[PDB]
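Notes follow the structure.
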Amino acid sequence: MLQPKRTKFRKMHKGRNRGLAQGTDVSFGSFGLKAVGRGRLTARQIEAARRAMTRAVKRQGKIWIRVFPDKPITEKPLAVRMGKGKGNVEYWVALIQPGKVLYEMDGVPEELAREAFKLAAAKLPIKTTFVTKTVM
Amino acid sequence: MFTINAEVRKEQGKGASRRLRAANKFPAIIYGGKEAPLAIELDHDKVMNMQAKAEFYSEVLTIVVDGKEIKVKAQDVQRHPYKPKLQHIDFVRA
Amino acid sequence: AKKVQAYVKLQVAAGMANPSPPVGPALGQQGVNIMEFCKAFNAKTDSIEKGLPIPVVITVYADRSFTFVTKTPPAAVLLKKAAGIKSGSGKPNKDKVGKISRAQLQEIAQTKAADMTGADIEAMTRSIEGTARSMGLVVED
Amino acid sequence: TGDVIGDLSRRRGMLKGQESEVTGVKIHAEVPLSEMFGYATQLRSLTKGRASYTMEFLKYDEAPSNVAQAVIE
Amino acid sequence: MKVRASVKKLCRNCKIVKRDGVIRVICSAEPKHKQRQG
RNA sequence: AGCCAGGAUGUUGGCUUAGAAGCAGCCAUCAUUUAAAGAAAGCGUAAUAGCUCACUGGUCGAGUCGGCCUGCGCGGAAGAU
């Protein structure tokens, strides 16, 4: 799974997840998967989403991943009272905003591109949509 | 060869613009020349239906306003984030 | 001359008048007593030489009399030896062997004419130069 | 006939040709000895007891990759 | 019958109808394709 | 969309030909008219035949097919006096 090699700190404050997103246009290939909801994506769902749609074309075309987990979400161990320090980091998420370009790919025909993204989307906890590169 | 129906908008602002796009119409701006810019309002539905063509971005766009029709070019499209609509277009008066 | 119930459209070898592996299914299906049928087969079998495949149509009348209108080499099997080799395919676009002319095939289209009268002399030759394409053979004149 | 042959092919059988006499449809084929095991128990299970067969030897022909790898103990 | 909360038209002849308010899919050819509750 | 005529198939086309006969799937993707016909999806099947499907030849005679953006509803929905 995807994870930051050598980041500065061990833990990070929780932080609200407001506003909109910056990645909006299908900037690399031709067919992308823009997100419509507002949540967060851990690395395991990041790995699983690509895997399902990589084997949907089985080799075909280039596939770009536009989101990377930065936020080191922690969890406390069970039967441990509150306080006593911040818990250890268990998994890494990437906070998703509305109108964010997720997984993007190229080199595939359109009808199976919408099919491959449909196989990927059901693995996501965010409602997404299938978007296409416009000019400019 | 596309033609645009439009008119001059008044009383602009943040909430004013938000009031527009919840009424199937959206604002814009026309600038470029030895004159003042023109904050022009134009129909949302019509131009969104025709932005799919490549000639919407590679042609001297014929926007008519108060009878006076001008030839402009499309600079940028500030579109809506996740809804398939759009928020603003910049028309440089070429 | 009935319908398709007893109508079998296949055969391979003239000289081998005995039920061959592909004519097996064909024969057994309609209980064809090939032995006396071989004597009727060998009236026209002797007119053609061996080495070029021959099909047959089979017609069984209502009163157990069963007859046939046999053939001469049709579309595929004649164009193959015209190229010199019976096979060499599985890769039409991926292989390129030989170049054959249509004027020489205009003569053998007339031999297919008395055999399997396929429409429009050159357009059947075009139908069958695609069987050459399907056999991985190039054709140019 | 078709059923017997489908099952011949199934037991790695070479259906070959479909001959015919008067009341019967005779089909001769080549079958491995390893898949001969209990054949008439499976023959008349598919032919309502109205069929028969007789096994004869031809040759120790080729054993394919799945059949060659099996018996190696 | 499969009580699947999602129902997909699994074939060509599989038709989707609303019996008693409940969405039901039936098939003329394959009785394994019958399902409801979607 | 149906109803009758049908399916306009050269080509049993290679191949692997034991058959893969559009109907194993790799492939050429040729061509016949250029009024109804892809060298082909699908169960069915050993393989043809097959009924169909794509397409309606003509019968009737009017509106119709599927997505898009959304308003409000259904199902998803099982707990203990």
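Shown for chain C, in order and in Swiss-Prot numbering: 2-142.
Header says: electron microscopy, 4.5 Å.
Here the Cβ of each residue, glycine as well, is placed from N, Cα and C on the backbone.
Per Swiss-Prot, the residue from the list C:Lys45, C:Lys72, C:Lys113 bearing the note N6-succinyllysine is C:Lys72. Per Swiss-Prot, the annotated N6,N6,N6-trimethyllysine among residues C:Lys40, C:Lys82 corresponds to C:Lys40.
Record check of C:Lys51, C:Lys81 in Swiss-Prot: the feature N6-succinyllysine is attached to C:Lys81. Taking a C-beta cut-off of under 8 Å and a sequence gap of six or more, C:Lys40 (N6,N6,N6-trimethyllysine) has no contacts in its own chain. In the three-state DSSP scheme, C:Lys4 (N6,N6,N6-trimethyllysine) falls into the coil class. All protein chains shown were included, and the count of other CB atoms within 10 Å of the CB of C:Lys72 (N6-succinyllysine) stands at 19.
Here the Cα atom of C:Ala2 (N,N,N-trimethylalanine) is found 17 Å from that of C:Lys72 (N6-succinyllysine).
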